[PDB]
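What follows is the content of start-v8.pdb (PDB, N, CA and C atoms).
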ATOM      1  N   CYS A   1      69.981 107.066  91.002  1.00  0.00           N
ATOM      2  CA  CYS A   1      70.856 105.901  91.058  1.00  0.00           C
ATOM      3  C   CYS A   1      72.096 106.112  90.194  1.00  0.00           C
ATOM      4  N   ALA A   2      73.148 105.355  90.485  1.00  0.00           N
ATOM      5  CA  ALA A   2      74.393 105.456  89.734  1.00  0.00           C
ATOM      6  C   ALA A   2      74.247 104.847  88.344  1.00  0.00           C
ATOM      7  N   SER A   3      74.970 105.406  87.378  1.00  0.00           N
ATOM      8  CA  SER A   3      74.916 104.920  86.004  1.00  0.00           C
ATOM      9  C   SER A   3      75.933 103.803  85.783  1.00  0.00           C
ATOM     10  N   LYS A   4      76.128 103.430  84.523  1.00  0.00           N
ATOM     11  CA  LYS A   4      77.072 102.375  84.173  1.00  0.00           C
ATOM     12  C   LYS A   4      78.501 102.793  84.503  1.00  0.00           C
ATOM     13  N   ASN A   5      79.173 101.994  85.324  1.00  0.00           N
ATOM     14  CA  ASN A   5      80.548 102.281  85.716  1.00  0.00           C
ATOM     15  C   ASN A   5      80.630 103.596  86.486  1.00  0.00           C
ATOM     16  N   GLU A   6      79.527 103.972  87.124  1.00  0.00           N
ATOM     17  CA  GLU A   6      79.476 105.208  87.896  1.00  0.00           C
ATOM     18  C   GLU A   6      79.833 104.954  89.357  1.00  0.00           C
ATOM     19  N   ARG A   7      80.193 106.019  90.066  1.00  0.00           N
ATOM     20  CA  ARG A   7      80.559 105.911  91.473  1.00  0.00           C
ATOM     21  C   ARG A   7      79.324 105.698  92.344  1.00  0.00           C
ATOM     22  N   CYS A   8      79.279 104.562  93.029  1.00  0.00           N
ATOM     23  CA  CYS A   8      78.154 104.236  93.896  1.00  0.00           C
ATOM     24  C   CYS A   8      78.612 104.072  95.343  1.00  0.00           C
ATOM     25  N   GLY A   9      77.669 103.750  96.224  1.00  0.00           N
ATOM     26  CA  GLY A   9      77.994 103.569  97.627  1.00  0.00           C
ATOM     27  C   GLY A   9      77.818 102.135  98.084  1.00  0.00           C
ATOM     28  N   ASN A  10      78.344 101.822  99.263  1.00  0.00           N
ATOM     29  CA  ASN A  10      78.243 100.474  99.811  1.00  0.00           C
ATOM     30  C   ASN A  10      78.547 100.471 101.306  1.00  0.00           C
ATOM     31  N   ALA A  11      77.539 100.144 102.108  1.00  0.00           N
ATOM     32  CA  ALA A  11      77.699 100.101 103.557  1.00  0.00           C
ATOM     33  C   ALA A  11      78.769  99.093 103.961  1.00  0.00           C
ATOM     34  N   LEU A  12      78.884  98.018 103.188  1.00  0.00           N
ATOM     35  CA  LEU A  12      79.868  96.977 103.467  1.00  0.00           C
ATOM     36  C   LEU A  12      81.283  97.544 103.431  1.00  0.00           C
ATOM     37  N   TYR A  13      81.444  98.681 102.762  1.00  0.00           N
ATOM     38  CA  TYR A  13      82.747  99.325 102.652  1.00  0.00           C
ATOM     39  C   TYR A  13      82.746 100.679 103.357  1.00  0.00           C
ATOM     40  N   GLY A  14      81.811 100.855 104.285  1.00  0.00           N
ATOM     41  CA  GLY A  14      81.719 102.104 105.018  1.00  0.00           C
ATOM     42  C   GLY A  14      81.645 103.310 104.101  1.00  0.00           C
ATOM     43  N   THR A  15      81.130 103.103 102.894  1.00  0.00           N
ATOM     44  CA  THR A  15      81.007 104.180 101.920  1.00  0.00           C
ATOM     45  C   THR A  15      79.547 104.561 101.703  1.00  0.00           C
ATOM     46  N   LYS A  16      79.242 105.842 101.878  1.00  0.00           N
ATOM     47  CA  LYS A  16      77.883 106.337 101.699  1.00  0.00           C
ATOM     48  C   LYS A  16      77.693 106.913 100.299  1.00  0.00           C
ATOM     49  N   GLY A  17      76.902 106.224  99.482  1.00  0.00           N
ATOM     50  CA  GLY A  17      76.652 106.684  98.129  1.00  0.00           C
ATOM     51  C   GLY A  17      75.400 106.074  97.530  1.00  0.00           C
ATOM     52  N   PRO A  18      75.034 106.528  96.324  1.00  0.00           N
ATOM     53  CA  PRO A  18      73.847 106.036  95.619  1.00  0.00           C
ATOM     54  C   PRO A  18      74.014 104.599  95.135  1.00  0.00           C
ATOM     55  N   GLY A  19      72.897 103.958  94.802  1.00  0.00           N
ATOM     56  CA  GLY A  19      72.943 102.587  94.330  1.00  0.00           C
ATOM     57  C   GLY A  19      72.868 102.491  92.819  1.00  0.00           C
ATOM     58  N   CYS A  20      73.446 101.431  92.266  1.00  0.00           N
ATOM     59  CA  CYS A  20      73.446 101.225  90.822  1.00  0.00           C
ATOM     60  C   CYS A  20      72.024 101.041  90.300  1.00  0.00           C
ATOM     61  N   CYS A  21      71.712 101.720  89.201  1.00  0.00           N
ATOM     62  CA  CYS A  21      70.387 101.633  88.598  1.00  0.00           C
ATOM     63  C   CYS A  21      70.017 100.182  88.303  1.00  0.00           C
ATOM     64  N   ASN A  22      70.910  99.479  87.613  1.00  0.00           N
ATOM     65  CA  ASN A  22      70.679  98.083  87.265  1.00  0.00           C
ATOM     66  C   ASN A  22      72.000  97.351  87.044  1.00  0.00           C
ATOM     67  N   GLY A  23      72.418  96.580  88.043  1.00  0.00           N
ATOM     68  CA  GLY A  23      73.661  95.839  87.938  1.00  0.00           C
ATOM     69  C   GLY A  23      74.204  95.422  89.291  1.00  0.00           C
ATOM     70  N   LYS A  24      75.476  95.717  89.533  1.00  0.00           N
ATOM     71  CA  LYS A  24      76.116  95.369  90.796  1.00  0.00           C
ATOM     72  C   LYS A  24      77.327  96.261  91.057  1.00  0.00           C
ATOM     73  N   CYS A  25      77.399  96.815  92.262  1.00  0.00           N
ATOM     74  CA  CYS A  25      78.506  97.687  92.638  1.00  0.00           C
ATOM     75  C   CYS A  25      79.779  96.879  92.874  1.00  0.00           C
ATOM     76  N   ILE A  26      80.920  97.473  92.544  1.00  0.00           N
ATOM     77  CA  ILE A  26      82.205  96.809  92.721  1.00  0.00           C
ATOM     78  C   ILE A  26      83.181  97.696  93.488  1.00  0.00           C
ATOM     79  N   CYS A  27      83.306  97.442  94.787  1.00  0.00           N
ATOM     80  CA  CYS A  27      84.206  98.216  95.634  1.00  0.00           C
ATOM     81  C   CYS A  27      85.628  97.668  95.559  1.00  0.00           C
ATOM     82  N   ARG A  28      86.598  98.569  95.431  1.00  0.00           N
ATOM     83  CA  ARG A  28      87.999  98.176  95.347  1.00  0.00           C
ATOM     84  C   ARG A  28      88.850  98.985  96.322  1.00  0.00           C
ATOM     85  N   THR A  29      89.938  98.384  96.791  1.00  0.00           N
ATOM     86  CA  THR A  29      90.834  99.048  97.730  1.00  0.00           C
ATOM     87  C   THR A  29      92.278  98.615  97.510  1.00  0.00           C
ATOM     88  N   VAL A  30      93.129  99.569  97.145  1.00  0.00           N
ATOM     89  CA  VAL A  30      94.539  99.286  96.906  1.00  0.00           C
ATOM     90  C   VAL A  30      95.360 100.571  96.874  1.00  0.00           C
ATOM     91  N   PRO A  31      96.530 100.542  97.531  1.00  0.00           N
ATOM     92  CA  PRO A  31      97.431 101.696  97.592  1.00  0.00           C
ATOM     93  C   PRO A  31      97.663 102.324  96.222  1.00  0.00           C
ATOM     94  N   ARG A  32      97.491 101.525  95.173  1.00  0.00           N
ATOM     95  CA  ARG A  32      97.683 102.004  93.810  1.00  0.00           C
ATOM     96  C   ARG A  32      96.515 102.882  93.372  1.00  0.00           C
ATOM     97  N   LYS A  33      96.371 104.032  94.022  1.00  0.00           N
ATOM     98  CA  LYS A  33      95.296 104.963  93.701  1.00  0.00           C
ATOM     99  C   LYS A  33      93.936 104.277  93.791  1.00  0.00           C
ATOM    100  N   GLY A  34      93.709 103.567  94.893  1.00  0.00           N
ATOM    101  CA  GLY A  34      92.448 102.875  95.082  1.00  0.00           C
ATOM    102  C   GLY A  34      91.857 103.109  96.459  1.00  0.00           C
ATOM    103  N   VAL A  35      91.521 104.362  96.751  1.00  0.00           N
ATOM    104  CA  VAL A  35      90.945 104.718  98.042  1.00  0.00           C
ATOM    105  C   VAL A  35      89.460 104.376  98.093  1.00  0.00           C
ATOM    106  N   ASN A  36      89.158 103.084  98.177  1.00  0.00           N
ATOM    107  CA  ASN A  36      87.775 102.626  98.233  1.00  0.00           C
ATOM    108  C   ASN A  36      87.011 103.045  96.981  1.00  0.00           C
ATOM    109  N   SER A  37      87.471 102.573  95.827  1.00  0.00           N
ATOM    110  CA  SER A  37      86.834 102.900  94.557  1.00  0.00           C
ATOM    111  C   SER A  37      85.698 101.929  94.253  1.00  0.00           C
ATOM    112  N   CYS A  38      84.466 102.400  94.413  1.00  0.00           N
ATOM    113  CA  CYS A  38      83.292 101.574  94.157  1.00  0.00           C
ATOM    114  C   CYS A  38      82.604 101.995  92.861  1.00  0.00           C
ATOM    115  N   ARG A  39      82.817 101.219  91.804  1.00  0.00           N
ATOM    116  CA  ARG A  39      82.218 101.512  90.508  1.00  0.00           C
ATOM    117  C   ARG A  39      81.076 100.546  90.206  1.00  0.00           C
ATOM    118  N   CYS A  40      80.083 101.025  89.464  1.00  0.00           N
ATOM    119  CA  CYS A  40      78.933 100.206  89.104  1.00  0.00           C
ATOM    120  C   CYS A  40      79.271  99.271  87.947  1.00  0.00           C
ATOM    121  N   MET A  41      79.312  97.974  88.234  1.00  0.00           N
ATOM    122  CA  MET A  41      79.623  96.976  87.217  1.00  0.00           C
ATOM    123  C   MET A  41      78.348  96.437  86.578  1.00  0.00           C
TER     124      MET A  41
END

Could you render the structure from this file as C-alpha coordinates?
Amino acid sequence: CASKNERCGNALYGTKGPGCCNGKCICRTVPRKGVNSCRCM
(Lines of atoms letter the chains of each structure in order from A and count residues from 1; the text may use other names and numbers.)
(Lines give C-alpha, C1' and ligand atoms only; values in the text may rest on other atoms or scores of the structure.)
Protein backbone atom coordinates (compact mmCIF):
# COMPACT_ATOMS: atom_id res chain seq x y z
CA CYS A 1 0.00 0.00 0.00
CA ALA A 2 1.00 3.64 -0.48
CA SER A 3 2.64 5.50 2.41
CA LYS A 4 1.92 8.96 3.82
CA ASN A 5 1.67 11.48 0.98
CA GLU A 6 2.73 8.69 -1.37
CA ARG A 7 1.60 8.19 -4.97
CA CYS A 8 -1.52 6.02 -5.05
CA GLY A 9 -4.09 4.95 -7.64
CA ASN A 10 -7.76 5.71 -8.24
CA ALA A 11 -10.16 4.19 -10.76
CA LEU A 12 -12.29 7.33 -10.49
CA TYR A 13 -9.38 9.12 -12.16
CA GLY A 14 -8.53 6.37 -14.63
CA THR A 15 -5.30 5.92 -12.68
CA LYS A 16 -3.99 2.44 -11.87
CA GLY A 17 -2.03 2.39 -8.62
CA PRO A 18 -1.76 1.05 -5.06
CA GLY A 19 -4.09 2.07 -2.25
CA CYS A 20 -3.25 4.17 0.80
CA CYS A 21 -2.30 2.10 3.84
CA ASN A 22 -4.47 4.20 6.16
CA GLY A 23 -6.12 7.45 5.09
CA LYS A 24 -7.57 8.82 1.87
CA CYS A 25 -6.19 9.35 -1.64
CA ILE A 26 -6.27 12.85 -3.12
CA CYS A 27 -6.28 13.07 -6.92
CA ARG A 28 -5.45 16.43 -8.50
CA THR A 29 -5.47 17.75 -12.06
CA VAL A 30 -4.14 21.10 -13.29
CA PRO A 31 -1.98 22.39 -16.16
CA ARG A 32 0.34 23.70 -13.44
CA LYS A 33 2.39 20.50 -13.39
CA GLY A 34 -0.60 18.45 -12.28
CA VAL A 35 -0.94 15.47 -14.61
CA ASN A 36 -3.36 13.53 -12.41
CA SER A 37 -1.35 13.79 -9.19
CA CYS A 38 -2.89 11.41 -6.66
CA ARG A 39 -1.20 11.69 -3.26
CA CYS A 40 -2.15 9.84 -0.07
CA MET A 41 -3.68 12.34 2.36

- A:41, A:1, A:36, A:7: which is nearest residue 21 in chain A, counting only C-alpha atoms? A:1

Exactly which residues make up the result of the PyMOL selection byres ((chain A and resi 2) around 6.5) on this file, given as a short mmCIF file (atom, residue, chain, number, x, y, z; two decimals) with N, CA and C atoms, in the frame of the given file?
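Listing of part.cif after writing:
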data_model
loop_
_atom_site.label_atom_id
_atom_site.label_comp_id
_atom_site.auth_asym_id
_atom_site.auth_seq_id
_atom_site.Cartn_x
_atom_site.Cartn_y
_atom_site.Cartn_z
N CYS A 1 69.98 107.07 91.00
CA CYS A 1 70.86 105.90 91.06
C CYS A 1 72.10 106.11 90.19
N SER A 3 74.97 105.41 87.38
CA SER A 3 74.92 104.92 86.00
C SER A 3 75.93 103.80 85.78
N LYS A 4 76.13 103.43 84.52
CA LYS A 4 77.07 102.38 84.17
C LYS A 4 78.50 102.79 84.50
N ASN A 5 79.17 101.99 85.32
CA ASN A 5 80.55 102.28 85.72
C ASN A 5 80.63 103.60 86.49
N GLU A 6 79.53 103.97 87.12
CA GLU A 6 79.48 105.21 87.90
C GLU A 6 79.83 104.95 89.36
N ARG A 7 80.19 106.02 90.07
CA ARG A 7 80.56 105.91 91.47
C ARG A 7 79.32 105.70 92.34
N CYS A 8 79.28 104.56 93.03
CA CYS A 8 78.15 104.24 93.90
C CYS A 8 78.61 104.07 95.34
N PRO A 18 75.03 106.53 96.32
CA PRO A 18 73.85 106.04 95.62
C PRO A 18 74.01 104.60 95.14
N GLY A 19 72.90 103.96 94.80
CA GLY A 19 72.94 102.59 94.33
C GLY A 19 72.87 102.49 92.82
N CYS A 20 73.45 101.43 92.27
CA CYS A 20 73.45 101.22 90.82
C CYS A 20 72.02 101.04 90.30
N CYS A 21 71.71 101.72 89.20
CA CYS A 21 70.39 101.63 88.60
C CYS A 21 70.02 100.18 88.30
N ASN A 22 70.91 99.48 87.61
CA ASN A 22 70.68 98.08 87.26
C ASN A 22 72.00 97.35 87.04
#

Could you work out an axis-aligned bounding box for all listed atoms of range 7-19 of chain A, with 6 Å added on each of the six sides, and give its centre and edge lengths in Å to one decimal, as JSON?
{"center_x": 77.8, "center_y": 101.9, "center_z": 97.5, "size_x": 21.9, "size_y": 21.9, "size_z": 27.0}

- Query: Mind pulling up the distance from atom C of residue 9 in chain A to atom N of residue 24 in chain A?
  - Reply: 10.9 Å

Would you please take chain A of the structure in the block above and write N, CA and C atoms to a file as an mmCIF file, in the first residue's frame?
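out-v4.cif, written as the output of this step:
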data_model
loop_
_atom_site.group_PDB
_atom_site.id
_atom_site.type_symbol
_atom_site.label_atom_id
_atom_site.label_comp_id
_atom_site.auth_asym_id
_atom_site.auth_seq_id
_atom_site.Cartn_x
_atom_site.Cartn_y
_atom_site.Cartn_z
ATOM 1 N N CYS A 1 0.827 -1.201 0.000
ATOM 2 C CA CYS A 1 0.000 0.000 0.000
ATOM 3 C C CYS A 1 0.866 1.257 0.000
ATOM 4 N N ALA A 2 0.283 2.370 -0.431
ATOM 5 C CA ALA A 2 0.999 3.639 -0.478
ATOM 6 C C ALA A 2 1.209 4.203 0.922
ATOM 7 N N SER A 3 2.320 4.908 1.111
ATOM 8 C CA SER A 3 2.640 5.498 2.406
ATOM 9 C C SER A 3 2.026 6.890 2.536
ATOM 10 N N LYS A 4 2.427 7.610 3.578
ATOM 11 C CA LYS A 4 1.918 8.956 3.819
ATOM 12 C C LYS A 4 2.356 9.909 2.711
ATOM 13 N N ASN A 5 1.384 10.543 2.064
ATOM 14 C CA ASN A 5 1.670 11.481 0.984
ATOM 15 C C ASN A 5 2.361 10.778 -0.180
ATOM 16 N N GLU A 6 2.125 9.475 -0.302
ATOM 17 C CA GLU A 6 2.725 8.688 -1.371
ATOM 18 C C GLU A 6 1.804 8.628 -2.586
ATOM 19 N N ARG A 7 2.372 8.282 -3.737
ATOM 20 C CA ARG A 7 1.603 8.188 -4.972
ATOM 21 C C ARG A 7 0.733 6.935 -4.978
ATOM 22 N N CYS A 8 -0.579 7.132 -5.042
ATOM 23 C CA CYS A 8 -1.520 6.020 -5.054
ATOM 24 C C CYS A 8 -2.340 6.014 -6.342
ATOM 25 N N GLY A 9 -3.251 5.052 -6.453
ATOM 26 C CA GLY A 9 -4.087 4.954 -7.636
ATOM 27 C C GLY A 9 -5.547 5.232 -7.340
ATOM 28 N N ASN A 10 -6.335 5.431 -8.392
ATOM 29 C CA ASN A 10 -7.759 5.709 -8.237
ATOM 30 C C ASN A 10 -8.500 5.492 -9.553
ATOM 31 N N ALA A 11 -9.385 4.501 -9.570
ATOM 32 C CA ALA A 11 -10.162 4.191 -10.764
ATOM 33 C C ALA A 11 -11.010 5.384 -11.192
ATOM 34 N N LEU A 12 -11.464 6.162 -10.216
ATOM 35 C CA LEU A 12 -12.287 7.335 -10.492
ATOM 36 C C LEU A 12 -11.535 8.333 -11.365
ATOM 37 N N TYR A 13 -10.211 8.229 -11.369
ATOM 38 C CA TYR A 13 -9.376 9.124 -12.162
ATOM 39 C C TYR A 13 -8.634 8.354 -13.251
ATOM 40 N N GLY A 14 -9.158 7.183 -13.600
ATOM 41 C CA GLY A 14 -8.534 6.368 -14.626
ATOM 42 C C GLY A 14 -7.065 6.114 -14.351
ATOM 43 N N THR A 15 -6.689 6.142 -13.077
ATOM 44 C CA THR A 15 -5.305 5.917 -12.683
ATOM 45 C C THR A 15 -5.147 4.582 -11.965
ATOM 46 N N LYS A 16 -4.241 3.750 -12.465
ATOM 47 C CA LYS A 16 -3.991 2.442 -11.870
ATOM 48 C C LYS A 16 -2.806 2.497 -10.911
ATOM 49 N N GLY A 17 -3.088 2.357 -9.620
ATOM 50 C CA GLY A 17 -2.034 2.392 -8.622
ATOM 51 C C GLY A 17 -2.453 1.754 -7.313
ATOM 52 N N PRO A 18 -1.504 1.645 -6.373
ATOM 53 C CA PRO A 18 -1.757 1.049 -5.057
ATOM 54 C C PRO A 18 -2.655 1.925 -4.188
ATOM 55 N N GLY A 19 -3.215 1.331 -3.139
ATOM 56 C CA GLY A 19 -4.088 2.071 -2.247
ATOM 57 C C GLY A 19 -3.376 2.530 -0.990
ATOM 58 N N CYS A 20 -3.849 3.629 -0.412
ATOM 59 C CA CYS A 20 -3.249 4.175 0.801
ATOM 60 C C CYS A 20 -3.390 3.196 1.963
ATOM 61 N N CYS A 21 -2.303 3.008 2.705
ATOM 62 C CA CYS A 21 -2.301 2.099 3.845
ATOM 63 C C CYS A 21 -3.411 2.460 4.829
ATOM 64 N N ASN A 22 -3.457 3.729 5.221
ATOM 65 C CA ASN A 22 -4.468 4.203 6.158
ATOM 66 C C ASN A 22 -4.707 5.701 5.990
ATOM 67 N N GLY A 23 -5.797 6.048 5.313
ATOM 68 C CA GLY A 23 -6.121 7.446 5.094
ATOM 69 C C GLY A 23 -7.083 7.645 3.941
ATOM 70 N N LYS A 24 -6.731 8.541 3.025
ATOM 71 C CA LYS A 24 -7.570 8.824 1.868
ATOM 72 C C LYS A 24 -6.747 9.422 0.731
ATOM 73 N N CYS A 25 -6.917 8.874 -0.468
ATOM 74 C CA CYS A 25 -6.191 9.354 -1.638
ATOM 75 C C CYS A 25 -6.745 10.694 -2.111
ATOM 76 N N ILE A 26 -5.865 11.541 -2.634
ATOM 77 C CA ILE A 26 -6.267 12.853 -3.125
ATOM 78 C C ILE A 26 -5.761 13.088 -4.544
ATOM 79 N N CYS A 27 -6.638 12.881 -5.521
ATOM 80 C CA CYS A 27 -6.282 13.071 -6.922
ATOM 81 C C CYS A 27 -6.429 14.535 -7.326
ATOM 82 N N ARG A 28 -5.435 15.047 -8.047
ATOM 83 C CA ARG A 28 -5.452 16.433 -8.496
ATOM 84 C C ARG A 28 -5.144 16.526 -9.987
ATOM 85 N N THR A 29 -5.687 17.551 -10.637
ATOM 86 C CA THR A 29 -5.471 17.752 -12.065
ATOM 87 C C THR A 29 -5.441 19.235 -12.412
ATOM 88 N N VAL A 30 -4.300 19.699 -12.911
ATOM 89 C CA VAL A 30 -4.142 21.099 -13.287
ATOM 90 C C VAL A 30 -2.911 21.298 -14.164
ATOM 91 N N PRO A 31 -3.066 22.103 -15.226
ATOM 92 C CA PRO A 31 -1.977 22.393 -16.164
ATOM 93 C C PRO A 31 -0.685 22.779 -15.450
ATOM 94 N N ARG A 32 -0.819 23.289 -14.230
ATOM 95 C CA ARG A 32 0.339 23.699 -13.443
ATOM 96 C C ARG A 32 1.078 22.485 -12.890
ATOM 97 N N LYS A 33 1.655 21.691 -13.787
ATOM 98 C CA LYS A 33 2.392 20.498 -13.390
ATOM 99 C C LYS A 33 1.523 19.578 -12.538
ATOM 100 N N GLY A 34 0.308 19.314 -13.011
ATOM 101 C CA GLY A 34 -0.600 18.450 -12.281
ATOM 102 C C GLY A 34 -1.250 17.407 -13.170
ATOM 103 N N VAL A 35 -0.434 16.523 -13.735
ATOM 104 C CA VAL A 35 -0.936 15.472 -14.612
ATOM 105 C C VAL A 35 -1.523 14.318 -13.807
ATOM 106 N N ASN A 36 -2.691 14.550 -13.214
ATOM 107 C CA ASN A 36 -3.358 13.530 -12.415
ATOM 108 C C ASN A 36 -2.487 13.107 -11.235
ATOM 109 N N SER A 37 -2.177 14.062 -10.364
ATOM 110 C CA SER A 37 -1.350 13.791 -9.195
ATOM 111 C C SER A 37 -2.202 13.304 -8.027
ATOM 112 N N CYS A 38 -2.130 12.006 -7.750
ATOM 113 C CA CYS A 38 -2.895 11.413 -6.660
ATOM 114 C C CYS A 38 -1.986 11.069 -5.483
ATOM 115 N N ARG A 39 -2.024 11.902 -4.449
ATOM 116 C CA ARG A 39 -1.204 11.686 -3.263
ATOM 117 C C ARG A 39 -2.054 11.191 -2.097
ATOM 118 N N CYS A 40 -1.449 10.384 -1.231
ATOM 119 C CA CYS A 40 -2.150 9.842 -0.074
ATOM 120 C C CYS A 40 -2.242 10.878 1.042
ATOM 121 N N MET A 41 -3.458 11.342 1.312
ATOM 122 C CA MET A 41 -3.682 12.335 2.356
ATOM 123 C C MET A 41 -4.025 11.663 3.681
#
